[PDB]
Amino acid sequence: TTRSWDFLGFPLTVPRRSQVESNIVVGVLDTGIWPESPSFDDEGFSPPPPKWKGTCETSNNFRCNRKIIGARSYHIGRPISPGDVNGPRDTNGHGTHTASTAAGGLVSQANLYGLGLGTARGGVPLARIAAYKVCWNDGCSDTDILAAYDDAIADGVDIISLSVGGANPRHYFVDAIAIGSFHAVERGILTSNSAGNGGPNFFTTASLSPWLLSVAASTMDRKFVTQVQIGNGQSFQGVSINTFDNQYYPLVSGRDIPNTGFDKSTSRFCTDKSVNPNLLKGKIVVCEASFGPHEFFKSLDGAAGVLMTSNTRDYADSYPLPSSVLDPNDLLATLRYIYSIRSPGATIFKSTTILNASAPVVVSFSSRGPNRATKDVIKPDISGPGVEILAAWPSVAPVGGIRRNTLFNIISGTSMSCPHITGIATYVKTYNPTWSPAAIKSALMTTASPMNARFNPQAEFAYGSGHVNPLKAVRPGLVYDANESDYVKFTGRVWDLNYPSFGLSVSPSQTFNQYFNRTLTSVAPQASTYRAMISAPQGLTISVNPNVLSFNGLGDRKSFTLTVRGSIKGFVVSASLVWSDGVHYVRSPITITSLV
Ligand SMILES: *[C@@H]1O[C@H](CO)[C@@H](O[C@@H]2O[C@H](CO)[C@@H](O[C@@H]3O[C@H](CO[C@H]4O[C@H](CO)[C@@H](O)[C@H](O)[C@@H]4O)[C@@H](O)[C@H](O)[C@@H]3O)[C@H](O)[C@H]2NC(C)=O)[C@H](O[C@@H]2O[C@@H](C)[C@@H](O)[C@@H](O)[C@@H]2O)[C@H]1NC(C)=O
Ligand SMILES: *[C@@H]1O[C@H](CO)[C@@H](O[C@@H]2O[C@H](CO)[C@@H](O)[C@H](O)[C@H]2NC(C)=O)[C@H](O[C@@H]2O[C@@H](C)[C@@H](O)[C@@H](O)[C@@H]2O)[C@H]1NC(C)=O
Ligand SMILES: [Cl-]
Ligand SMILES: [Cl-]
């Protein structure tokens, strides 16, 4: 967050409705919260809003304050697992990180052993936080998620941040998250939900409810790298969150130190104890594979460092030993070096950063649509920074497998982009306190910055409407509004659901002719006239009627019909509709797919 907000064009000095923001409550359903974090200090805060009805559990030495005004925990139907501690306290770290990303106060000199040094903060530093612990070492059960929703809605939260999700698609009314969020929506409470980390294949997201704001994860300009310099002077740019100081060590290949009963064929990967523990003590081992902190403890005990490799390095992770993930070619160069001299060595440097001009790009793991339940409703809905985010961390929770002297941690996931969107949606709410969940969501989607389909060919099924743009979302001009009824209304076709985007499923090479009805509501007091601008690939005939709309003022509503005709050869074809009065730009992508 020391860079993400700035990257989004949301500096520390953005305008704010402080009194309103100070009375908004952000509900966070996660692994609980660590109250001692600097991000949750309450100096200067006034008492909890009169509307607040939530309570504060005291188990496990927990104490609420004027910042964290609510703290609950749920663990229905089974005994706790090793590592779990009854109470609302965050012993995992995930909930403290997401909560601080959404509403953490400004914390200067925020860093992880110097990495990412700057001022950390959430979208709404003045907002109150109500934590609901529903995730434990055995996961987050349907029963607890629903328990949290039942209380949160009644307690008075204004918005919900949910960085959790199911692995497989389920029908809305036999899905705890869909059910809870639906009832939250009927009470005017929006839920920002992570899309999932099961990408990059199509059909991997389970955040399918139309009423949910589903969020993908994308990169930012800052990128952590870990330079590795072998003995001959060659320098390779690897990827990892490496906090260890530079140091020269002897180098060794897993291929040349097979463990008992193993041979070069498998020892080259270093996994499953395939490398001789006696031949790698105090050395940097070269492994032709990539793995996590667990494997380090399982097969590499004794090593001074580890060099891994992978074809996918669009995000960095921390490890229990100095390490870096090298590109295959650099791994090959390292091996040639090893066999070019009798005593090879290398130095793994402490991580540094580079500027990636391609950002934002949806990251490899971000879950992709189409919507498995309602294939005509595009998912995910939008993208935000979810790669290498620095935010609050419990001083006792491990980082990369081990305990370290830090109050912050750098991690990636749609669980990191979700709270950025929560912070932004909340900021929008401070300026438009009467808006419905659908309206707030519409604002973020119609002002989202278009992303490059050449860097993410899956297009809308990877990033939805695009990259979130905070300052533009505050005043969208017009919104595609909706309420509980619309989601269960019978007209009830699907192409008539007033959604901020248009989705159509067809067959390849065949011709089609479908139409969508929509209604725009002006959210600005000044009147103006909008004209429609359509951009469609060859082979498609897209038109809107009317193609001009005038709004007389705040709340004025105008309907229109969109007709799409033609055929497609590829799996995904993208087009777009933009309504503009010269001041506002209301963009809705149109996606045609032949995927089944
Ligand atoms: C600046 O950021 C960009 C975006 O993250 C980096 O480019 C990406 O690099 C990764 C490797 O870490 C590439 O991953 C391979 O992806 C292919 C499949 O590609 C196709 O599908 C993906 C979606 O899954 C689309 O995004 C692509 O456009 C394409 O349609 C897969 O078969 C491989 O097994 C890898 O997973 C990724 O494709 C690439 N994205 C783009 C848009 O280029 C970029 O990384 C540098 O450039 C790439 C090409 C590699 O040479 C890296 O080693 C380089 O580091 C990064 N730049 C820097 C300097 O870090
Ligand atoms: C597209 O959805 C619109 C939802 O607002 C429909 O218009 C609304 O129709 C209501 C009648 O059931 C009427 O009370 C509302 O005032 C009106 N909303 C506004 C202000 O536009 C629209 O229905 C058609 O168009 C309206 C103007 C009437 O002529 C209806 O009889 C039409 O069916 C929907 N368009 C479609 C797909 O027909
Ligand atoms: Cl208690
Ligand atoms: Cl128990």
# chains A, B, ... in the order shown; residues from 1 in each chain; ligands from 1

$ residues_near_ligand --ligand "ligand 3" --cutoff "8 Å" --atoms "only C-alpha atoms and all ligand atoms" --output "JSON, numbers by chain"
{"A": [56, 57, 58, 59, 87]}

$ closest_atom_pairs --of "chain A" --to "ligand 2" --cutoff "7 Å" --atoms "only C-alpha atoms and all ligand atoms" --output "Markdown table"
| residue | atom | partner | partner_atom_place_in_ligand_line | distance |
| --- | --- | --- | --- | --- |
| A:496 | CA | ligand 2 | 37 (C) | 6.8 |
| A:517 | CA | ligand 2 | 37 (C) | 4.8 |
| A:518 | CA | ligand 2 | 1 (C) | 5.6 |
| A:519 | CA | ligand 2 | 5 (O) | 5.7 |
| A:557 | CA | ligand 2 | 20 (C) | 5.6 |
| A:558 | CA | ligand 2 | 21 (O) | 5.2 |
| A:559 | CA | ligand 2 | 21 (O) | 4.7 |
| A:560 | CA | ligand 2 | 1 (C) | 6.7 |
| A:561 | CA | ligand 2 | 37 (C) | 6.7 |

$ write_last_selection --atoms "C-alpha atoms" --output "short mmCIF file (atom, residue, chain, number, x, y, z; two decimals), in the first residue's frame"
data_model
loop_
_atom_site.label_atom_id
_atom_site.label_comp_id
_atom_site.auth_asym_id
_atom_site.auth_seq_id
_atom_site.Cartn_x
_atom_site.Cartn_y
_atom_site.Cartn_z
CA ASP A 496 -32.86 -7.48 -18.93
CA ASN A 517 -32.70 -3.53 -22.00
CA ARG A 518 -31.14 -1.09 -19.52
CA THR A 519 -32.11 1.91 -17.38
CA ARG A 557 -34.11 7.82 -15.23
CA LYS A 558 -33.80 6.92 -18.92
CA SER A 559 -34.03 3.51 -20.58
CA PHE A 560 -32.44 2.14 -23.74
CA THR A 561 -32.07 -1.09 -25.71
#

$ residues_near_ligand --ligand "ligand 1" --cutoff "9 Å" --atoms "only C-alpha atoms and all ligand atoms" --output "PyMOL selection string"
chain A and resi 199-201+218-221+223-225+237-239+310-315+326-328+354-365+452-458+462

$ select_by_dssp --residues "region 302-461 of chain A" --states "helix (DSSP H, G or I)" --output "ChimeraX atom specification"
/A:328-338,414-431,437-446,460-461

$ closest_atom_pairs --of "chain A" --to "ligand 4" --cutoff "8 Å" --atoms "only C-alpha atoms and all ligand atoms" --output "CSV"
residue,atom,partner,partner_atom_place_in_ligand_line,distance
A:75,CA,ligand 4,1 (Cl),7.8
A:78,CA,ligand 4,1 (Cl),6.4
A:79,CA,ligand 4,1 (Cl),3.4
A:80,CA,ligand 4,1 (Cl),4.2
A:81,CA,ligand 4,1 (Cl),7.7
A:86,CA,ligand 4,1 (Cl),7.7

$ write_last_selection --atoms "C-alpha atoms" --output "compact mmCIF listing (two decimals), in the first residue's frame"
# COMPACT_ATOMS: atom_id res chain seq x y z
CA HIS A 75 -16.52 -21.73 14.93
CA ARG A 78 -16.42 -28.93 15.06
CA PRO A 79 -13.42 -28.73 17.40
CA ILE A 80 -10.68 -26.21 16.66
CA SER A 81 -7.51 -27.40 14.92
CA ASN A 86 -10.67 -19.32 20.46

$ atom_distance --atom1 "CA of residue 396 (chain A)" --atom2 "CA of residue 193 (chain A)"
27.3 Å

$ closest_residue --among "A:183, A:449, A:440, A:592" --to "residue 513 (chain A)" --atoms "only C-alpha atoms"
A:592

$ residues_around --residues "region 532-538 of chain A" --least-positions-apart "2" --cutoff "12 Å" --atoms "only C-alpha atoms" --output "ChimeraX atom specification"
/A:529-530,540-550,560-570,572-582,584-592

$ atom_distance --atom1 "CA of residue 71 (chain A)" --atom2 "CA of residue 55 (chain A)"
6.7 Å

$ closest_atom_pairs --of "region 331-438 of chain A" --to "region 102-121 of chain A" --cutoff "7 Å" --atoms "only C-alpha atoms" --output "JSON lines"
{"residue": "A:390", "atom": "CA", "partner": "A:116", "partner_atom": "CA", "distance": 7.0}
{"residue": "A:391", "atom": "CA", "partner": "A:120", "partner_atom": "CA", "distance": 6.6}
{"residue": "A:406", "atom": "CA", "partner": "A:112", "partner_atom": "CA", "distance": 5.8}
{"residue": "A:408", "atom": "CA", "partner": "A:112", "partner_atom": "CA", "distance": 5.7}
{"residue": "A:409", "atom": "CA", "partner": "A:112", "partner_atom": "CA", "distance": 6.0}
{"residue": "A:419", "atom": "CA", "partner": "A:102", "partner_atom": "CA", "distance": 4.7}
{"residue": "A:420", "atom": "CA", "partner": "A:102", "partner_atom": "CA", "distance": 5.6}
{"residue": "A:422", "atom": "CA", "partner": "A:102", "partner_atom": "CA", "distance": 5.9}
{"residue": "A:423", "atom": "CA", "partner": "A:102", "partner_atom": "CA", "distance": 4.4}

$ write_last_selection --atoms "N, CA, C and O atoms" --output "PDB file, in the first residue's frame"
ATOM      1  N   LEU A 390       2.042  -4.560   0.493  1.00  0.00           N
ATOM      2  CA  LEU A 390       2.585  -4.432   1.838  1.00  0.00           C
ATOM      3  C   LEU A 390       1.499  -3.836   2.727  1.00  0.00           C
ATOM      4  O   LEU A 390       0.965  -2.768   2.434  1.00  0.00           O
ATOM      5  N   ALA A 391       1.172  -4.536   3.806  1.00  0.00           N
ATOM      6  CA  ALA A 391       0.148  -4.076   4.736  1.00  0.00           C
ATOM      7  C   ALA A 391       0.440  -4.636   6.129  1.00  0.00           C
ATOM      8  O   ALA A 391       1.422  -5.354   6.315  1.00  0.00           O
ATOM      9  N   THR A 406       9.042  -7.674  12.110  1.00  0.00           N
ATOM     10  CA  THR A 406       8.297  -6.780  11.237  1.00  0.00           C
ATOM     11  C   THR A 406       6.869  -6.588  11.707  1.00  0.00           C
ATOM     12  O   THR A 406       6.310  -7.444  12.396  1.00  0.00           O
ATOM     13  N   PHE A 408       4.811  -5.495   9.272  1.00  0.00           N
ATOM     14  CA  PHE A 408       4.222  -5.496   7.934  1.00  0.00           C
ATOM     15  C   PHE A 408       4.651  -6.735   7.151  1.00  0.00           C
ATOM     16  O   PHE A 408       5.660  -7.363   7.471  1.00  0.00           O
ATOM     17  N   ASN A 409       3.869  -7.089   6.135  1.00  0.00           N
ATOM     18  CA  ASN A 409       4.187  -8.241   5.302  1.00  0.00           C
ATOM     19  C   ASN A 409       3.760  -7.963   3.860  1.00  0.00           C
ATOM     20  O   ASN A 409       2.821  -7.211   3.619  1.00  0.00           O
ATOM     21  N   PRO A 419      -9.803  -5.954  -0.855  1.00  0.00           N
ATOM     22  CA  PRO A 419      -9.851  -4.828   0.087  1.00  0.00           C
ATOM     23  C   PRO A 419      -9.489  -3.454  -0.502  1.00  0.00           C
ATOM     24  O   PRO A 419      -9.836  -2.424   0.082  1.00  0.00           O
ATOM     25  N   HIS A 420      -8.773  -3.428  -1.628  1.00  0.00           N
ATOM     26  CA  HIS A 420      -8.473  -2.145  -2.270  1.00  0.00           C
ATOM     27  C   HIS A 420      -9.825  -1.667  -2.800  1.00  0.00           C
ATOM     28  O   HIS A 420     -10.197  -0.506  -2.633  1.00  0.00           O
ATOM     29  N   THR A 422     -12.716  -2.536  -1.695  1.00  0.00           N
ATOM     30  CA  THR A 422     -13.564  -2.211  -0.552  1.00  0.00           C
ATOM     31  C   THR A 422     -13.271  -0.779  -0.093  1.00  0.00           C
ATOM     32  O   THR A 422     -14.188  -0.011   0.229  1.00  0.00           O
ATOM     33  N   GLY A 423     -11.991  -0.430  -0.057  1.00  0.00           N
ATOM     34  CA  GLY A 423     -11.600   0.903   0.374  1.00  0.00           C
ATOM     35  C   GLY A 423     -12.131   1.968  -0.562  1.00  0.00           C
ATOM     36  O   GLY A 423     -12.604   3.018  -0.121  1.00  0.00           O
TER      37      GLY A 423
END

$ residues_around --residues "region 46-52 of chain A" --least-positions-apart "6" --cutoff "6 Å" --atoms "only C-alpha atoms" --output "list in words"
residues 23, 66 and 156 of chain A

$ write_last_selection --atoms "N, CA, C and O atoms" --output "compact mmCIF listing (two decimals), in the first residue's frame"
# COMPACT_ATOMS: atom_id res chain seq x y z
N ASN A 23 -17.67 8.01 10.44
CA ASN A 23 -18.84 7.31 10.97
C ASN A 23 -19.27 6.12 10.12
O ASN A 23 -20.33 5.54 10.35
N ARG A 66 -11.68 2.81 19.59
CA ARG A 66 -12.53 3.66 18.77
C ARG A 66 -12.35 3.44 17.27
O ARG A 66 -13.14 3.93 16.47
N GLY A 156 -25.02 -3.14 11.89
CA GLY A 156 -24.95 -1.81 11.29
C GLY A 156 -23.74 -1.52 10.40
O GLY A 156 -23.41 -0.35 10.21

$ select_by_dssp --residues "region 158-287 of chain A" --states "strand (DSSP E)" --output "ChimeraX atom specification"
/A:159-162,190-194,213-218,222-230,235-238,248-253,284-286

$ write_last_selection --atoms "N, CA and C atoms" --output "mmCIF file, in the first residue's frame"
data_model
loop_
_atom_site.group_PDB
_atom_site.id
_atom_site.type_symbol
_atom_site.label_atom_id
_atom_site.label_comp_id
_atom_site.auth_asym_id
_atom_site.auth_seq_id
_atom_site.Cartn_x
_atom_site.Cartn_y
_atom_site.Cartn_z
ATOM 1 N N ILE A 159 -20.628 -1.695 4.741
ATOM 2 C CA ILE A 159 -20.094 -2.424 3.606
ATOM 3 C C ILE A 159 -19.314 -3.610 4.144
ATOM 4 N N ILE A 160 -19.221 -4.668 3.346
ATOM 5 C CA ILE A 160 -18.513 -5.869 3.773
ATOM 6 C C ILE A 160 -17.357 -6.240 2.847
ATOM 7 N N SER A 161 -16.222 -6.584 3.446
ATOM 8 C CA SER A 161 -15.036 -6.981 2.696
ATOM 9 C C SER A 161 -14.878 -8.486 2.940
ATOM 10 N N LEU A 162 -14.957 -9.281 1.873
ATOM 11 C CA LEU A 162 -14.874 -10.741 1.988
ATOM 12 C C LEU A 162 -13.817 -11.369 1.074
ATOM 13 N N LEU A 190 -23.188 -3.515 0.451
ATOM 14 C CA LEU A 190 -22.442 -4.164 -0.625
ATOM 15 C C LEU A 190 -21.336 -5.069 -0.088
ATOM 16 N N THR A 191 -21.059 -6.143 -0.820
ATOM 17 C CA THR A 191 -19.986 -7.059 -0.467
ATOM 18 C C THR A 191 -18.944 -7.055 -1.585
ATOM 19 N N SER A 192 -17.692 -6.756 -1.245
ATOM 20 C CA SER A 192 -16.591 -6.810 -2.211
ATOM 21 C C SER A 192 -16.033 -8.214 -1.964
ATOM 22 N N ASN A 193 -15.929 -9.025 -3.017
ATOM 23 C CA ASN A 193 -15.463 -10.412 -2.876
ATOM 24 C C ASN A 193 -14.326 -10.749 -3.849
ATOM 25 N N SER A 194 -13.298 -11.428 -3.346
ATOM 26 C CA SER A 194 -12.170 -11.817 -4.182
ATOM 27 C C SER A 194 -12.637 -12.875 -5.188
ATOM 28 N N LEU A 213 -19.707 -7.833 -5.778
ATOM 29 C CA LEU A 213 -18.737 -7.096 -6.594
ATOM 30 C C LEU A 213 -17.517 -8.020 -6.557
ATOM 31 N N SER A 214 -17.289 -8.739 -7.657
ATOM 32 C CA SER A 214 -16.187 -9.706 -7.776
ATOM 33 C C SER A 214 -14.915 -9.062 -8.317
ATOM 34 N N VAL A 215 -13.817 -9.254 -7.588
ATOM 35 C CA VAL A 215 -12.539 -8.622 -7.897
ATOM 36 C C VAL A 215 -11.349 -9.500 -8.300
ATOM 37 N N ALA A 216 -10.731 -9.158 -9.427
ATOM 38 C CA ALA A 216 -9.568 -9.879 -9.937
ATOM 39 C C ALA A 216 -8.309 -9.212 -9.391
ATOM 40 N N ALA A 217 -7.156 -9.846 -9.578
ATOM 41 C CA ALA A 217 -5.909 -9.272 -9.084
ATOM 42 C C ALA A 217 -4.955 -8.919 -10.220
ATOM 43 N N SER A 218 -4.440 -7.691 -10.199
ATOM 44 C CA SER A 218 -3.489 -7.261 -11.216
ATOM 45 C C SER A 218 -2.206 -6.679 -10.609
ATOM 46 N N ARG A 222 5.550 -1.083 -9.523
ATOM 47 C CA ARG A 222 6.650 -1.576 -8.699
ATOM 48 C C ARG A 222 6.676 -3.103 -8.749
ATOM 49 N N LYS A 223 7.854 -3.673 -8.969
ATOM 50 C CA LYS A 223 7.985 -5.124 -9.011
ATOM 51 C C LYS A 223 9.221 -5.540 -8.218
ATOM 52 N N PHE A 224 9.044 -6.428 -7.246
ATOM 53 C CA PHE A 224 10.178 -6.889 -6.456
ATOM 54 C C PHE A 224 10.987 -7.932 -7.224
ATOM 55 N N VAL A 225 12.303 -7.757 -7.222
ATOM 56 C CA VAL A 225 13.195 -8.693 -7.887
ATOM 57 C C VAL A 225 14.315 -9.018 -6.917
ATOM 58 N N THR A 226 15.010 -10.121 -7.175
ATOM 59 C CA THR A 226 16.113 -10.541 -6.325
ATOM 60 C C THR A 226 17.287 -10.919 -7.220
ATOM 61 N N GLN A 227 18.246 -10.009 -7.330
ATOM 62 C CA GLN A 227 19.410 -10.236 -8.170
ATOM 63 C C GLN A 227 20.291 -11.336 -7.595
ATOM 64 N N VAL A 228 20.837 -12.152 -8.487
ATOM 65 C CA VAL A 228 21.726 -13.237 -8.104
ATOM 66 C C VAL A 228 22.974 -13.091 -8.965
ATOM 67 N N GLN A 229 24.134 -12.993 -8.326
ATOM 68 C CA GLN A 229 25.390 -12.859 -9.057
ATOM 69 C C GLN A 229 26.271 -14.072 -8.811
ATOM 70 N N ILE A 230 26.485 -14.876 -9.842
ATOM 71 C CA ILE A 230 27.329 -16.046 -9.681
ATOM 72 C C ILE A 230 28.789 -15.605 -9.694
ATOM 73 N N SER A 235 25.094 -11.632 -13.728
ATOM 74 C CA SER A 235 24.025 -11.217 -12.824
ATOM 75 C C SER A 235 22.646 -11.544 -13.403
ATOM 76 N N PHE A 236 21.852 -12.301 -12.648
ATOM 77 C CA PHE A 236 20.519 -12.699 -13.094
ATOM 78 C C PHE A 236 19.414 -12.041 -12.271
ATOM 79 N N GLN A 237 18.333 -11.649 -12.939
ATOM 80 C CA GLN A 237 17.209 -11.014 -12.262
ATOM 81 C C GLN A 237 16.165 -12.061 -11.899
ATOM 82 N N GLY A 238 16.183 -12.496 -10.645
ATOM 83 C CA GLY A 238 15.219 -13.481 -10.191
ATOM 84 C C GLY A 238 14.058 -12.793 -9.497
ATOM 85 N N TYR A 248 28.175 -14.264 -0.013
ATOM 86 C CA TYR A 248 28.736 -15.233 -0.954
ATOM 87 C C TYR A 248 28.858 -16.639 -0.369
ATOM 88 N N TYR A 249 28.282 -17.625 -1.055
ATOM 89 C CA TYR A 249 28.333 -19.015 -0.601
ATOM 90 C C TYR A 249 28.696 -19.968 -1.727
ATOM 91 N N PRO A 250 29.219 -21.155 -1.378
ATOM 92 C CA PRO A 250 29.590 -22.152 -2.383
ATOM 93 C C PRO A 250 28.303 -22.562 -3.088
ATOM 94 N N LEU A 251 28.401 -22.879 -4.372
ATOM 95 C CA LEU A 251 27.232 -23.263 -5.150
ATOM 96 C C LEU A 251 27.243 -24.760 -5.469
ATOM 97 N N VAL A 252 26.067 -25.387 -5.475
ATOM 98 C CA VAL A 252 25.964 -26.814 -5.789
ATOM 99 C C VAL A 252 24.650 -27.149 -6.500
ATOM 100 N N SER A 253 24.704 -28.104 -7.424
ATOM 101 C CA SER A 253 23.528 -28.514 -8.186
ATOM 102 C C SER A 253 22.874 -29.766 -7.608
ATOM 103 N N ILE A 284 24.491 -22.952 -1.476
ATOM 104 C CA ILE A 284 23.312 -22.516 -2.212
ATOM 105 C C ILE A 284 23.071 -23.636 -3.211
ATOM 106 N N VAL A 285 21.904 -24.261 -3.128
ATOM 107 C CA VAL A 285 21.578 -25.359 -4.021
ATOM 108 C C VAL A 285 20.720 -24.889 -5.187
ATOM 109 N N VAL A 286 21.048 -25.383 -6.377
ATOM 110 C CA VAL A 286 20.325 -25.039 -7.592
ATOM 111 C C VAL A 286 19.281 -26.112 -7.853
#

$ closest_residue --among "A:377, A:275, A:443, A:382" --to "residue 493 (chain A)" --atoms "only C-alpha atoms"
A:377

$ residues_around --residues "residue 401 (chain A)" --least-positions-apart "3" --cutoff "9 Å" --atoms "only C-alpha atoms" --output "VMD selection string"
chain A and resid 292 to 294 297 318 to 320 398

$ closest_residue --among "A:167, A:554, A:280, A:243" --to "residue 258 (chain A)" --atoms "only C-alpha atoms"
A:280

$ closest_atom_pairs --of "region 147-168 of chain A" --to "region 133-136 of chain A" --cutoff "9 Å" --atoms "only C-alpha atoms" --output "CSV"
residue,atom,partner,partner_atom,distance
A:147,CA,A:134,CA,8.6
A:148,CA,A:134,CA,7.1
A:164,CA,A:135,CA,8.5

$ atom_distance --atom1 "CA of residue 127 (chain A)" --atom2 "CA of residue 212 (chain A)"
21.6 Å

$ residues_around --residues "region 169-178 of chain A" --least-positions-apart "5" --cutoff "8 Å" --atoms "only C-alpha atoms" --output "MDAnalysis selection string"
chainID A and resid 142:143 145:146 205:209 212 372:373

$ residues_around --residues "residue 392 (chain A)" --least-positions-apart "2" --cutoff "6 Å" --atoms "only C-alpha atoms" --output "MDAnalysis selection string"
chainID A and resid 96:97 100 408
